[PDB]
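Heads up, the thing below is written out as structure tokens.
We number each residue from 1, following the sequence as shown. Worth knowing before you read on, the calculation uses all heavy atoms, side chains too, and leaves out hydrogens, waters and symmetry mates. All ligand and atom numbering here is 1-based and tracks the order in the structure.
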Amino acid sequence: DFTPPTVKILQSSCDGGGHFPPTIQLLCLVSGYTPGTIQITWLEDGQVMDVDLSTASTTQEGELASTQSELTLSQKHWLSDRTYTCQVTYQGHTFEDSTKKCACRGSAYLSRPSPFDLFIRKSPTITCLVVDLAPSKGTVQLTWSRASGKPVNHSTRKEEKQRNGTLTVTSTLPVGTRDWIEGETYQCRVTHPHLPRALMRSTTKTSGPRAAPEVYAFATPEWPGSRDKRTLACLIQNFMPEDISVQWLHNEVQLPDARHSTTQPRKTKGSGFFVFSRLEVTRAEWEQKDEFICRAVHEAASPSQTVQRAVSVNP
Ligand SMILES: *[C@@H]1O[C@H](CO)[C@@H](O[C@@H]2O[C@H](CO)[C@@H](O[C@@H]3O[C@H](CO[C@H]4O[C@H](CO)[C@@H](O)[C@H](O[C@H]5O[C@H](CO)[C@@H](O)[C@H](O)[C@@H]5O)[C@@H]4O)[C@@H](O)[C@H](O)[C@@H]3O)[C@H](O)[C@H]2NC(C)=O)[C@H](O)[C@H]1NC(C)=O
């Protein structure tokens with residue numbers, strides 16, 4: 001019945017080279033809300049900014065209103081690391097959103113759960129990988145959190161000393177199948193002593209369109225010299241989003257992942273991604289049962305998040 005106001009801040013984009021414009025415009029949006037008394041105030045480090053610095057406007061279309069306020073800042077003030085708060089008092093109730101310049105020296109990566117773990121195994125996990133760090137006295141702490149503030153499970157901790165003298169800190173967090181699918185956002189804070197401030201990475205399910213993959217499996221003809229082995233190739237394409245899991249099945253058995261090589265998802269010329277999978281098979285396997293299945297596990301695949309194609313060595 002009632003629609004509460006949603007506060008979001010949009011900022012001036014950087015150019016093609018990643019350079020800041022001469023002035024930064026912060027645009028506060030109070031979009032799609034039930035009409036009522038509204039006030040927008042801008043704060044610079046918790047202090048009320050002068051009315052002349054910002055310009056607001058309210059527009060009513062249908063049963064809902066939409067208010068916006070634009071604040072103009074100099075490049076000096078934005079680069080000074082000052083925090084800018086947009087304070088919206090709607091129907092006497094305060095709603096706030098804050099922003100500052102986005103937070104060199106060589107990195108952290110946060111992955112989404114694999115479609116196989118989410119849909120087949122039904123035990124998804126997210127991995128925070130922290131790389132390119134120099135050997136220095138003091139541990140590297142990785143902390144997991146949810147946007148909802150709900151509790152997280154206990155994670156794993158793998159530390160590896162690489163050949164080049166660098167260290168990799170791997171944390172694997174188990175997530176809920178129901179939680180991920182319902183759009184939970186998982187964050188991983190990297191508290192490092194050599195950094196001044198935390199390196200935070202966040203992950204959540206795909207936003208845009210979903211398109212099921214097309215699976216095609218091929219068997220190479222006999223090549224002179226390789227009479228007792230064959231190569232099976234699989235083209236999995238036109239899927240959206242890029243998140244895909246590939247498996248090869250022979251004789252009602254799922255072959256080990258070590259048996260095959262799958263490429264990384266690359267864009268097609270039109271819409272969607274593509275992957276290739278390569279499996280080397282022996283005469284003993286095809287003479288046992290001449291059917292090898294290439295299976296793709298994808299979120300857009302119906303009815304069970306799976307699409308597959310069989311291939312036989314001999315016609
Ligand atoms: C010192 O040496 C180390 C050697 O380890 C160098 O560290 C590597 O640095 C690069 C660049 O920073 C890292 O690459 C990133 O990896 C991100 C994470 O990707 C992994 O995890 C995914 C989820 O589990 C997984 O899918 C992915 O695998 C993919 O590639 C496989 C290739 O064989 C392929 O078979 C799979 O199908 C799949 O497609 C990865 O395992 C990724 O998101 C980034 O885009 C980026 O590529 C390496 O991970 C680092 N190595 C390790 C072990 O962590 C370091 O840079 C060297 N220092 C210097 C100065 O050169």
Side-chain angles (χ1 to χ4, degrees), residues 18 103-136 139-142 144 152-153 155-175 177 180 185-190 192 194-195 198-207 213 215 217 231-249 254-268 272-280 294-299 305-308:
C104 282
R105 308 294 289 179
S107 268
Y109 309 95
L110 184 48
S111 77
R112 279 201 269 268
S114 68
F116 179 87
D117 285 357
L118 187 57
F119 315 116
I120 311 305
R121 243 172 202 142
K122 294 164 192 286
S123 58
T125 57
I126 52 174
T127 302
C128 190
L129 178 71
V130 190
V131 301
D132 312 310
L133 52 124
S136 57
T139 62
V140 185
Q141 296 107 66
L142 270 79
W144 296 98
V152 288
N153 300 63
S155 48
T156 66
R157 244 153 278 265
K158 197 190 277 177
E159 283 178 60
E160 281 192 29
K161 275 184 169 280
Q162 304 298 264
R163 249 205 289 188
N164 54 2
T166 78
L167 196 100
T168 67
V169 205
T170 304
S171 190
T172 297
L173 182 82
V175 301
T177 311
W180 183 265
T185 309
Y186 296 95
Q187 303 122 7
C188 186
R189 270 179 73 94
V190 184
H192 206 291
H194 126 88
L195 275 299
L199 218 86
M200 199 193 94
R201 296 275 126 75
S202 59
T203 201
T204 196
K205 71 172 187 70
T206 193
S207 170
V215 177
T231 312
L232 311 177
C234 190
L235 176 60
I236 307 131
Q237 66 176 20
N238 302 327
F239 54 86
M240 286 190 278
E242 62 158 90
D243 312 80
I244 204 158
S245 287
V246 179
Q247 76 226 57
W248 283 91
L249 326 156
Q254 196 190 269
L255 303 178
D257 289 314
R259 285 284 312 269
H260 51 266
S261 311
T262 306
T263 62
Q264 285 175 76
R266 283 162 173 252
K267 273 196 281 183
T268 60
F273 306 83
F274 83 83
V275 296
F276 277 106
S277 196
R278 186 188 173 264
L279 175 77
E280 279 176 77
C294 169
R295 184 178 288 162
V297 181
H298 191 268
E299 73 177 281
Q305 285 68 63
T306 278
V307 50
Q308 76 187 13

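Using cut-offs of 30° and 60° on the angle between ring planes, the pair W248 and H260 is tilted.
Geometrically, ligand 1 and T263 share no nitrogen or oxygen pair separated by less than 3.5 Å.
Of all atoms in ligand 1, listed by their number and element, those nearer than 4.0 Å to a heavy atom of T168 are 52 (C), 54 (O). Here is the list of ligand 1 atoms found below 4.0 Å of a heavy atom in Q264: 39 (O). Residue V131 approaches ligand 1 through these ligand atoms, each under 4.0 Å from one of its heavy atoms: 12 (O), 50 (C), 54 (O). Every atom of ligand 1 with a heavy atom of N164 under 4.0 Å away is listed here by number and element: 1 (C), 2 (O), 3 (C), 55 (C), 57 (C), 58 (N), 59 (C). Here is the list of ligand 1 atoms found below 4.0 Å of a heavy atom in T262: 37 (O).
Closer than 4.0 Å to atom 47 (O) of ligand 1 lies none of the heavy atoms of the protein. For atom 8 (C) of ligand 1, no protein heavy-atom neighbour is found at a distance under 4.0 Å. There is no protein heavy atom closer than 4.0 angstrom to atom 33 (O) of ligand 1. Distance remark: protein heavy atom not present below 4.0 angstrom from atom 60 (C) of ligand 1. At a distance under 4.0 Å, no protein heavy atom can be found next to atom 22 (C) of ligand 1. Under the 4.0 angstrom criterion, atom 29 (C) of ligand 1 counts as lacking any protein heavy-atom contact. Within a 4.0 Å radius of atom 37 (O) of ligand 1, the protein contributes one or more non-hydrogen atoms. When distances from atom 12 (O) of ligand 1 to the protein are checked, a heavy atom turns up under 4.0 Å.
Contact annotation for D132 and ligand 1: only side-chain heavy atoms (C-beta onward) come within less than 4.0 Å of the ligand.
No donor-acceptor distance shorter than 3.5 angstrom exists from the side chain of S277 to the backbone of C234, with no hydrogens or angles considered. Judged purely by atom type and a 3.5 angstrom limit, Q141 uses its side chain to pair as donor or acceptor with the backbone of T139. Looking at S111, its side chain does come within 3.5 Å of a backbone N or O of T127 through a donor-acceptor pair. Here the side chain of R157 pairs a donor or acceptor atom with the backbone of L142 at under 3.5 angstrom. Proximity of a side-chain donor or acceptor of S171 to a complementary backbone N or O of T156 within less than 3.5 Å is detected. When atom types are taken as modelled, the side chain of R201 and the backbone of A108 share a donor-acceptor pair closer than 3.5 angstrom. At least one donor-acceptor pair closer than 3.5 Å links the side chain of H298 to the backbone N or O of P241. Not a single donor-acceptor pair under 3.5 Å links the side chain of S245 to the backbone N or O of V297.
Counting only heavy atoms of the protein, atom 24 (O) of ligand 1 lies nearest to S111 OG, 4.8 Å. Remark: minimum distance from atom 17 (C) of ligand 1 to any protein heavy atom is reached at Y109 CG, 3.8 Å. Scanning the protein for heavy atoms near atom 53 (C) of ligand 1, the closest one is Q162 OE1, 3.5 Å.
Within 6.0 Å of the CZ atom in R259, the count of heavy atoms belonging to other residues, nucleotides or ligands exceeds 12. Annotation: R121, atom CZ; neighbour count of heavy atoms from other residues, nucleotides and ligands within 6.0 Å does not exceed 12.
When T127, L129, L167 are ranked by how near their heavy atoms come to atom 18 (C) of ligand 1, first place goes to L129.
In summary, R278 and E280 engage in a salt bridge, as defined by a charged side-chain N under 4.0 Å from a carboxylate O.
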